[PDB]
Ligand SMILES: [Ca+2]
């Protein structure tokens, strides 16, 4: 549907109101193996497709903080969906965020890059930040550092929301459930492991999906 990227699952798209939205931040929470990273890799392929096939004829940028990006997985999803894998890999730009300060600087650097590429036929339409809070949690420790950590995270989310609106891109971020917090910034989706190997998504009703050779499916 209009301005949305399909997840690869019709059930998950229905729950999301058609898929992930441009000009917005979608935040997916869950433990390791819940489907969050698999969903990010599938969306990096889906965004490239025409709108009738659930994409935006776009490119993706994947920012990693905990070594989760797998080009071979994109290659596999592309091959299994009948798409050209070299084209798919050429359209997903990868950058590692080394620490929380660098992670925050990457938003302005991505903004500078998208600006110069304004005339391009295939613009970036999806920005993924996998494990959004990992560097903030490991660099701000002790009870006294919590307020500062939250303040820096809020500023980072505000910079991402501004990026989504200046370039009409979908921002997709992954995180883990927090004992304290907190959004204001988003659309929050919790992912769980289901029976057998299915995964369940819930908005913070519910939708069932699976992890296959094609990435995310029903
Ligand atoms: Ca996963």
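One-based numbering along the chain as shown.
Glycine too: its Cβ is placed from the backbone N, Cα and C atoms.
Copied over from Swiss-Prot:
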BINDING   30, 31, 32, 33, 34, 35, 36, 37  ATP binding site
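Packing around residue 31 (ATP binding site) is summarised by its Cβ count: 11 other Cβ atoms lie within 10 angstroms of its Cβ, all protein chains included. Distance across the unmodelled 7-residue segment, from the CA of residue 204 to the CA of residue 205, is 9 Å in the deposited entry. All chains included, 27 other C-beta atoms sit within 10 angstroms of the C-beta of residue 35 (ATP binding site).
Around the Cβ of residue 32 (ATP binding site), the same chain contributes no residue under 8 angstroms that is 6 or more positions distant in sequence. The ATP site is defined by 30, 31, 32, 33, 34, 35, 36, 37, and by the 8 Å test on Cβ atoms against their centroid, the other residues of the chain that qualify are 38, 174, 191, 193.
Other Cβ atoms within 10 Å of the Cβ of residue 30 (ATP binding site) number 23 in total over all chains. Only 37, of the binding-site residues 31, 32, 37, place a Cβ under 6 Å from an atom of ligand 1. The distance from the Cα of residue 182 to the Cα of residue 183, across a stretch of 4 residues left out of the model, is 7 Å. For the recorded site, residue 31 (ATP binding site), the DSSP three-state label reads coil.
Sequence-distant neighbours of residue 34 (ATP binding site) (same chain, 6+ apart, CB under 8 A from its CB) are 191, 192, 193, 199.
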